[PDB]
2 protein chains.
Amino acid sequence: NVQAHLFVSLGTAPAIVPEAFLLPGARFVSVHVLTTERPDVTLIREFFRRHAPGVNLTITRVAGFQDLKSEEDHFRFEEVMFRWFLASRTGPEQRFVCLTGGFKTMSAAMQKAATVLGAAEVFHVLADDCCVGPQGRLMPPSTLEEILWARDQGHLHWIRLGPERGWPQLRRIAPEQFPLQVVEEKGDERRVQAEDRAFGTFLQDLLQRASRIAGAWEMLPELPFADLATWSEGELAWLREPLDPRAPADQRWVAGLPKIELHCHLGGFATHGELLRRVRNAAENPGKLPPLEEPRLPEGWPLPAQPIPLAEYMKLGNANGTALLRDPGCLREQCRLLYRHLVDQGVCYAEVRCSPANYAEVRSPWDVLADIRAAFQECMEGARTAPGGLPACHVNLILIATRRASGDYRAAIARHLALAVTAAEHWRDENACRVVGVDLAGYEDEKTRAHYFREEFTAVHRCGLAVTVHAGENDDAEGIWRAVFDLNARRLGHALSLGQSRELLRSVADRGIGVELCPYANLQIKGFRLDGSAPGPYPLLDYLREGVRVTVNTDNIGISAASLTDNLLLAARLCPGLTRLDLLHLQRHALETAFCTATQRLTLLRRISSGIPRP
Amino acid sequence: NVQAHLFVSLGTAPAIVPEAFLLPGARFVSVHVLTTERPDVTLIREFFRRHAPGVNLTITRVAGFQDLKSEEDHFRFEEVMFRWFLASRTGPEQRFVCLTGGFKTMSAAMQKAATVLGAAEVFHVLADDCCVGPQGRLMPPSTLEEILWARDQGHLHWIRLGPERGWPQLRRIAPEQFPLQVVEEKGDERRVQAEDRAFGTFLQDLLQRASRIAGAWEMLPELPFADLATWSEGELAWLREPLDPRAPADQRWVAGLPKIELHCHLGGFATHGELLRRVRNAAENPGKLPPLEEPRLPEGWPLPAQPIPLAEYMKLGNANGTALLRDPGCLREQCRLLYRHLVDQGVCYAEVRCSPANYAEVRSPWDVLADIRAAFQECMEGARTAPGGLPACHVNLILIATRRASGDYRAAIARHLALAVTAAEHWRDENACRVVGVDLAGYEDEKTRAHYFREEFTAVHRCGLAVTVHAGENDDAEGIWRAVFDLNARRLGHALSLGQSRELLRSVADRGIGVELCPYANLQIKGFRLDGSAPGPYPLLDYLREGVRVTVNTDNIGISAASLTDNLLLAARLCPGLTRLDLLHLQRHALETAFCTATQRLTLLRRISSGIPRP
RNA sequence: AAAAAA
Ligand SMILES: Nc1ncnc2c1ncn2[C@@H]1O[C@H](COP(=O)(O)OP(=O)(O)OP(=O)(O)O)[C@@H](O)[C@H]1O
Ligand SMILES: Nc1ncnc2c1ncn2[C@@H]1O[C@H](COP(=O)(O)OP(=O)(O)OP(=O)(O)O)[C@@H](O)[C@H]1O
Ligand SMILES: [Mg+2]
Ligand SMILES: [Zn+2]
Ligand SMILES: [Zn+2]
């Protein structure tokens, strides 16, 4: 029932096409022959005209491939041959290829094309010297009665080297993508040419990807992303030695790495430098704007010699936040600048934390939250880059419930929780900015631990909203235990005091509770030894080794005055021996621990896997 | 600096090896030539005698290949050629392949071997017509001085096709496992033979596996296991279609599939049939053993016509349990039978639940727990099958905290919690039976829900022990919520009422809390519509589509009188349209939600991926 | 059985 096409080459010796045609036990249609525009193809024409009028064969000649002097003529022949294979709409069960005729290059390339595209059968035809001619014992010449005599007396062999399968993504391809130009067109004969050197690269890197996947098919689950498997021994080993923050090549590598952000405060981005001026000169009511005050930073701020406690750390960001973001224009420009910075950093997903109730003096906190989400959504729709028509960076909101040492803050906590619940129930579109969780931040001690806040978080847990808590910054492992088991937090922020309790670490690893580490905030607040030269060692390596889902974030960009790439670089700095594979593991942990739907999680996994650059 | 070995084929036309040896720039050593038996090789011998002493060329001729009449001699030549390539301790970096010489098939096989094994360079020679010969316009057959004359004025081309990479698995290999046989030996010439056509199959199915991986690479994240991506389009399409429990092929495949057990009761295995008698005839004191009475099973017990209550379900297993297992010999025999059943069922991991406090009359419950674990450990050590010296089935212990409608049961639950904590702190070896979690089992109601037990459970949360709870079988989603959030349960048992509340389902899916469903026990107790022909539909399909982590188990094997395979078949029956990919998803969910270390998780995942049978 | 099926 199959059409059973014939694909054959032709050289200076004609009559190979006709003998290849009458293969036993197979009726053929549309035999296609390839030549090199030196030899004549008349004999096959008269044979098929007199002995098989329903074959409608074609002859293809190759673009001034006169004779084999160099390499490039062979390469153009191979490319035109591959495009000629593609040009006929033929299934794998229809192609019958004979690697006979002409140069051995043509035969070997035909065998390679058959084994790559999965031809239905490959065969070689032989004839016996049964002709008198001018001198006896001659191969059968052009004339047709002698070739029929050679057939019916049994002087042909037809060795066939079995069927082939071929690549699955290269079985059909598309005969509209790779084109064949016809320099001269005439009745049942064409001379073709390929404008570009395209299919060679496609075949080469497809076979390369197959070889690399086969080479690293083992230990694939240990990889964080599937697409790392197509990286060869050299680049796999390149991703195994410890990171070198000094090298500009490593810095360029980290900068181009797609990144996932989870610990980000909207109120600590534009506090110093020109960004603060850009946010100040956008207010709707500049008359009542507070006077421009720049808080002084300690000497050597990004790498301070002496740690500073939390109160001065909060006071560093007094230039921005509640004092400045009351005006709608300032908040809108702050949101736009934050999105621009996130996209410039290469972040494919971020979760910005905001406290709209602190920005309500005449407009409601609901109005502030609506304005923030509207600014984020409009800036999302503005930047419609990336494949699939998806936003370049996807940002979700987390409401902040902040706690103070003294004063009135519980009413604020209740208001934030109710607003977060209502906002989560309001916006449910998957491809849009949403409120995905709540936070428990602020001053922490024995008397403001997580277990004092169960009763109002009962409503949030009933609603089914994600919860994250600040714990371990200024508290021992008891605070982390209260946050994990009495408040049921899904992610912990700055869990530096987790290593004291082995059982707590085992529990946090086993239930898959995420842990967020900000190297700049931890270094500036608690202080850590740099480059291996008593706060204790930075716990990133221990957390990774013990299996707990750890991630690196930025905390306050403006207060710390650096971005996520700088945080990753100094995370490598704090722990000697940290590897780029560990950075990819942190990326996978952040992707898996983030607050997003399963489909969006798969989309981000695919995007990050296919967006990893190469050394 | 490399050695630059050469591999060149020879036909009936000599003086191509001398032309292949001459290369513009490359210093060659140990030229190797492959030939049939009849054609002359003397000319290359004299050429390397008087022009290259330190070259030590070798000639190898195929034993039974002189003129090809069929494909068998081509195949034996193919195999012996691959064995000859492997027989030289050489790498790709110094391998130079020349395809000049012989049939078109030999050149094609030469290029295929070069591109598979990988070579530093593949090429071949072309000769312009230089010598006059006996008739008009010949080209050099012989006359090595004339060959040098053609060389120094340049009528030879040496078309340099290019370099190959080759598959990493077959770069080096070793000729010892794929050797050659020398039929005769004299000088540097040898006639060789290969016993079996084994390397051809190895290369063929290696390339086949590469094709399977390339075809399913895009959908790898959706696949439960990486090894499932090497199954071809036919087996993938077979797997995607819905399961048919009627077909014996499907039943055989489900039986052969490796399984993970998470819900098995040690007190409900040997209750009826010959297993009961086998347990009974092992007691240390048969005289004090109670009489033999079996409760009558309802009509059509495995598929009862009507739903049944829980009290008579408990009474149905009165032949085994506290009435029989208080004897140490009976308990040890029961553990041995349970392990043998688990191994026969194909289980590679199970967690058996026990209540040692119910088996203490003269011996402490600690003695019962120690005896049970010792029996399981000796069963493990006896059956040290499987690769890596790892036991065929790994069994962990989960203590049961029983709830009663009325009476004295809180002392028992306190005993069980303390015993579980002490047993967890006793045994800590990774590759051995351990007490890994606790249960909250027994009758429950509005006044016997989970949240009343928090004061009892905080200790087992402080010591770092996993907790699982029964809920949802005779109550609404409120018990599920209190178990998830007030007790921090990591797995829920029989959560059939979870579908009513969307918020709790989303919370359970987000937090990744495992859900264990037993189709036989649920069908018997609650009753459900079979084959789509009011308790509502069975929630397996809805749970899988919603993303919640669900598993299928056996509950009480003896009481239900069925195994894991029957449970999976009935799970398919209860949800028409259930596909085999959903079964693999269930196995992956059970693997991930099991209470075990990360290394054990990786080993279990890799062995389950490599242990899935094909259709 | 290299520039053109043994
Ligand atoms: N790294 C941190 N550790 C602890 N608390 C933090 C940290 N970063 C920010 N916070 C707290 O987060 C709360 C909310 O901050 P937000 O980002 O909304 O800025 P803000 O409105 O300018 O802050 P503030 O209330 O200090 O004026 C603030 O009370 C701040 O104390
Ligand atoms: N399907 C079920 N649902 C709820 N509880 C169950 C179920 N099956 C068993 N249990 C409870 O599990 C606890 C332990 O059962 P196990 O079979 O290990 O012991 P046993 O000696 O058979 O129990 P018992 O003395 O209650 O008959 C018992 O309290 C039983 O009530
Ligand atoms: Mg502030
Ligand atoms: Zn924070
Ligand atoms: Zn049970």
# chains A, B, ... in the order shown; residues from 1 in each chain; ligands from 1

call {"tool": "residues_near_ligand", "arguments": {"ligand": "ligand 1", "cutoff": "7 Å", "atoms": "only C-alpha atoms (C1' of nucleotides) and all ligand atoms", "output": "PDB file with C-alpha atoms, in the first residue's frame"}}
result
ATOM      1  CA  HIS A 265      10.817  45.173  49.920  1.00  0.00           C
ATOM      2  CA  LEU A 266       9.157  47.904  47.873  1.00  0.00           C
ATOM      3  CA  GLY A 267       9.988  50.484  50.547  1.00  0.00           C
ATOM      4  CA  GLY A 268      13.755  50.058  50.374  1.00  0.00           C
ATOM      5  CA  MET A 314      15.945  50.684  59.444  1.00  0.00           C
ATOM      6  CA  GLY A 317      16.084  54.040  54.627  1.00  0.00           C
ATOM      7  CA  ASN A 318      14.288  57.050  56.086  1.00  0.00           C
ATOM      8  CA  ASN A 320      12.044  56.659  51.166  1.00  0.00           C
ATOM      9  CA  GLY A 321       9.008  54.726  52.323  1.00  0.00           C
ATOM     10  CA  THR A 322       6.227  56.079  54.516  1.00  0.00           C
ATOM     11  CA  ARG A 353       6.542  43.009  49.589  1.00  0.00           C
ATOM     12  CA  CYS A 354       4.562  46.160  50.343  1.00  0.00           C
ATOM     13  CA  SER A 355       2.713  47.734  53.275  1.00  0.00           C
ATOM     14  CA  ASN A 358       1.377  52.717  55.913  1.00  0.00           C
ATOM     15  CA  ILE A 400       3.818  42.869  55.190  1.00  0.00           C
ATOM     16  CA  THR A 402       5.254  44.494  60.743  1.00  0.00           C
ATOM     17  CA  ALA A 441       8.362  41.135  59.804  1.00  0.00           C
ATOM     18  CA  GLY A 442       9.603  43.758  62.243  1.00  0.00           C
ATOM     19  CA  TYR A 443      11.388  43.790  65.574  1.00  0.00           C
ATOM     20  CA  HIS A 470      11.101  36.695  59.559  1.00  0.00           C
ATOM     21  CA  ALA A 521      21.834  42.233  54.893  1.00  0.00           C
ATOM     22  CA  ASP A 555      16.195  42.279  50.896  1.00  0.00           C
ATOM     23  CA  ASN A 556      16.356  46.104  50.583  1.00  0.00           C
TER      24      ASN A 556
END

call {"tool": "closest_atom_pairs", "arguments": {"of": "chain C", "to": "chain A", "cutoff": "8 Å", "atoms": "only C-alpha atoms (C1' of nucleotides)", "output": "Markdown table"}}
result
| residue | atom | partner | partner_atom | distance |
| --- | --- | --- | --- | --- |
| C:3 | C1' | A:103 | CA | 7.9 |
| C:4 | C1' | A:102 | CA | 3.3 |
| C:5 | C1' | A:126 | CA | 5.0 |
| C:6 | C1' | A:126 | CA | 7.3 |

call {"tool": "interface_residues", "arguments": {"of": "chain A", "to": "chain B", "cutoff": "8 Å", "atoms": "only C-alpha atoms", "output": "VMD selection string"}}
result
chain A and resid 69 to 71 99 to 100 104 107 to 109 111 to 112 124 157 to 161 166 to 169 210 to 211 213 to 215 220 to 221 461 to 465 485 to 486 488 490 503 to 504 506 to 507 510 to 511 547 598 602

call {"tool": "calpha_fit_rmsd", "arguments": {"fixed": "chain B", "moving": "chain A"}}
result
0.9 Å

call {"tool": "select_by_dssp", "arguments": {"residues": "segment 140-323 of chain B", "states": "strand (DSSP E or B)", "output": "JSON, numbers by chain"}}
result
{"B": [156, 159, 160, 161, 162, 181, 182, 183, 184, 185, 186, 189, 190, 191, 192, 193, 242, 259, 260, 264, 265]}

call {"tool": "write_last_selection", "arguments": {"atoms": "N, CA and C atoms", "output": "PDB file, in the first residue's frame"}}
result
ATOM      1  N   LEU B 156      47.522  14.934  -6.775  1.00  0.00           N
ATOM      2  CA  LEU B 156      46.729  14.261  -5.757  1.00  0.00           C
ATOM      3  C   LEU B 156      46.153  15.317  -4.825  1.00  0.00           C
ATOM      4  N   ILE B 159      41.146  15.195  -0.228  1.00  0.00           N
ATOM      5  CA  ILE B 159      39.961  15.912   0.227  1.00  0.00           C
ATOM      6  C   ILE B 159      39.732  15.640   1.708  1.00  0.00           C
ATOM      7  N   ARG B 160      39.862  16.690   2.518  1.00  0.00           N
ATOM      8  CA  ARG B 160      39.806  16.614   3.977  1.00  0.00           C
ATOM      9  C   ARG B 160      38.366  16.823   4.432  1.00  0.00           C
ATOM     10  N   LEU B 161      37.644  15.721   4.667  1.00  0.00           N
ATOM     11  CA  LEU B 161      36.228  15.824   5.011  1.00  0.00           C
ATOM     12  C   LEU B 161      36.027  16.506   6.360  1.00  0.00           C
ATOM     13  N   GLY B 162      36.740  16.064   7.392  1.00  0.00           N
ATOM     14  CA  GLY B 162      36.714  16.784   8.646  1.00  0.00           C
ATOM     15  C   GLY B 162      36.711  15.921   9.890  1.00  0.00           C
ATOM     16  N   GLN B 181      39.564 -13.055  16.739  1.00  0.00           N
ATOM     17  CA  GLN B 181      40.203 -14.354  16.601  1.00  0.00           C
ATOM     18  C   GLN B 181      41.035 -14.369  15.329  1.00  0.00           C
ATOM     19  N   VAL B 182      42.281 -14.808  15.445  1.00  0.00           N
ATOM     20  CA  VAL B 182      43.224 -14.781  14.335  1.00  0.00           C
ATOM     21  C   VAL B 182      43.275 -16.179  13.735  1.00  0.00           C
ATOM     22  N   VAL B 183      42.740 -16.329  12.522  1.00  0.00           N
ATOM     23  CA  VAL B 183      42.750 -17.639  11.883  1.00  0.00           C
ATOM     24  C   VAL B 183      44.167 -18.030  11.475  1.00  0.00           C
ATOM     25  N   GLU B 184      44.981 -17.059  11.063  1.00  0.00           N
ATOM     26  CA  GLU B 184      46.364 -17.335  10.701  1.00  0.00           C
ATOM     27  C   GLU B 184      47.188 -16.070  10.883  1.00  0.00           C
ATOM     28  N   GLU B 185      48.499 -16.253  11.026  1.00  0.00           N
ATOM     29  CA  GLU B 185      49.412 -15.155  11.304  1.00  0.00           C
ATOM     30  C   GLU B 185      50.753 -15.433  10.641  1.00  0.00           C
ATOM     31  N   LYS B 186      51.236 -14.460   9.873  1.00  0.00           N
ATOM     32  CA  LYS B 186      52.578 -14.518   9.301  1.00  0.00           C
ATOM     33  C   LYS B 186      52.985 -13.105   8.924  1.00  0.00           C
ATOM     34  N   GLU B 189      50.773  -9.481   8.524  1.00  0.00           N
ATOM     35  CA  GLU B 189      49.487  -9.735   7.900  1.00  0.00           C
ATOM     36  C   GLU B 189      48.734 -10.786   8.699  1.00  0.00           C
ATOM     37  N   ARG B 190      47.438 -10.556   8.891  1.00  0.00           N
ATOM     38  CA  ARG B 190      46.606 -11.458   9.672  1.00  0.00           C
ATOM     39  C   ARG B 190      45.210 -11.510   9.076  1.00  0.00           C
ATOM     40  N   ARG B 191      44.610 -12.695   9.129  1.00  0.00           N
ATOM     41  CA  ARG B 191      43.216 -12.892   8.762  1.00  0.00           C
ATOM     42  C   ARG B 191      42.414 -13.081  10.040  1.00  0.00           C
ATOM     43  N   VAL B 192      41.373 -12.270  10.209  1.00  0.00           N
ATOM     44  CA  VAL B 192      40.688 -12.158  11.487  1.00  0.00           C
ATOM     45  C   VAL B 192      39.232 -12.572  11.336  1.00  0.00           C
ATOM     46  N   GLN B 193      38.618 -12.861  12.481  1.00  0.00           N
ATOM     47  CA  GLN B 193      37.254 -13.353  12.552  1.00  0.00           C
ATOM     48  C   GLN B 193      36.640 -12.879  13.859  1.00  0.00           C
ATOM     49  N   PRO B 242      -6.044   5.318  28.603  1.00  0.00           N
ATOM     50  CA  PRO B 242      -6.584   4.925  29.908  1.00  0.00           C
ATOM     51  C   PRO B 242      -6.387   3.446  30.194  1.00  0.00           C
ATOM     52  N   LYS B 259       6.639  -0.798  43.316  1.00  0.00           N
ATOM     53  CA  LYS B 259       5.625  -0.102  44.091  1.00  0.00           C
ATOM     54  C   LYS B 259       6.216   0.425  45.390  1.00  0.00           C
ATOM     55  N   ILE B 260       5.554   1.446  45.929  1.00  0.00           N
ATOM     56  CA  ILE B 260       5.902   2.046  47.209  1.00  0.00           C
ATOM     57  C   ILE B 260       4.684   1.957  48.113  1.00  0.00           C
ATOM     58  N   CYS B 264      -0.012   0.498  55.503  1.00  0.00           N
ATOM     59  CA  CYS B 264      -0.169  -0.924  55.767  1.00  0.00           C
ATOM     60  C   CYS B 264      -0.203  -1.142  57.270  1.00  0.00           C
ATOM     61  N   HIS B 265      -1.165  -1.935  57.731  1.00  0.00           N
ATOM     62  CA  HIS B 265      -1.330  -2.216  59.150  1.00  0.00           C
ATOM     63  C   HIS B 265      -0.797  -3.608  59.458  1.00  0.00           C
TER      64      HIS B 265
END

call {"tool": "decode", "arguments": {"residues": "segment 241-253 of chain A", "atoms": "N, CA and C atoms", "output": "PDB file, in the first residue's frame"}}
result
ATOM      1  N   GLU A 241      34.024  23.451  39.472  1.00  0.00           N
ATOM      2  CA  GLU A 241      34.994  24.039  40.384  1.00  0.00           C
ATOM      3  C   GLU A 241      34.382  25.231  41.114  1.00  0.00           C
ATOM      4  N   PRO A 242      34.988  25.651  42.227  1.00  0.00           N
ATOM      5  CA  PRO A 242      34.422  26.758  43.013  1.00  0.00           C
ATOM      6  C   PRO A 242      34.369  28.062  42.232  1.00  0.00           C
ATOM      7  N   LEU A 243      33.370  28.877  42.559  1.00  0.00           N
ATOM      8  CA  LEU A 243      33.175  30.152  41.884  1.00  0.00           C
ATOM      9  C   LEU A 243      34.317  31.113  42.199  1.00  0.00           C
ATOM     10  N   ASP A 244      34.633  31.962  41.226  1.00  0.00           N
ATOM     11  CA  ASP A 244      35.667  32.987  41.374  1.00  0.00           C
ATOM     12  C   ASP A 244      35.042  34.355  41.149  1.00  0.00           C
ATOM     13  N   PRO A 245      34.643  35.062  42.209  1.00  0.00           N
ATOM     14  CA  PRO A 245      34.022  36.386  42.021  1.00  0.00           C
ATOM     15  C   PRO A 245      34.948  37.417  41.401  1.00  0.00           C
ATOM     16  N   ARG A 246      36.265  37.238  41.518  1.00  0.00           N
ATOM     17  CA  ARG A 246      37.196  38.232  40.994  1.00  0.00           C
ATOM     18  C   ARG A 246      37.177  38.276  39.472  1.00  0.00           C
ATOM     19  N   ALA A 247      37.030  37.128  38.826  1.00  0.00           N
ATOM     20  CA  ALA A 247      37.162  37.061  37.376  1.00  0.00           C
ATOM     21  C   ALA A 247      36.010  37.796  36.704  1.00  0.00           C
ATOM     22  N   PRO A 248      36.290  38.733  35.795  1.00  0.00           N
ATOM     23  CA  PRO A 248      35.198  39.395  35.062  1.00  0.00           C
ATOM     24  C   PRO A 248      34.365  38.434  34.233  1.00  0.00           C
ATOM     25  N   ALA A 249      34.953  37.330  33.768  1.00  0.00           N
ATOM     26  CA  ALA A 249      34.175  36.324  33.053  1.00  0.00           C
ATOM     27  C   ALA A 249      33.111  35.711  33.954  1.00  0.00           C
ATOM     28  N   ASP A 250      33.469  35.405  35.202  1.00  0.00           N
ATOM     29  CA  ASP A 250      32.495  34.856  36.139  1.00  0.00           C
ATOM     30  C   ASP A 250      31.412  35.875  36.473  1.00  0.00           C
ATOM     31  N   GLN A 251      31.790  37.149  36.601  1.00  0.00           N
ATOM     32  CA  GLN A 251      30.803  38.193  36.855  1.00  0.00           C
ATOM     33  C   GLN A 251      29.835  38.333  35.687  1.00  0.00           C
ATOM     34  N   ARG A 252      30.350  38.288  34.457  1.00  0.00           N
ATOM     35  CA  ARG A 252      29.479  38.338  33.287  1.00  0.00           C
ATOM     36  C   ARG A 252      28.581  37.111  33.223  1.00  0.00           C
ATOM     37  N   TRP A 253      29.108  35.953  33.626  1.00  0.00           N
ATOM     38  CA  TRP A 253      28.305  34.737  33.677  1.00  0.00           C
ATOM     39  C   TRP A 253      27.145  34.885  34.653  1.00  0.00           C
TER      40      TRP A 253
END
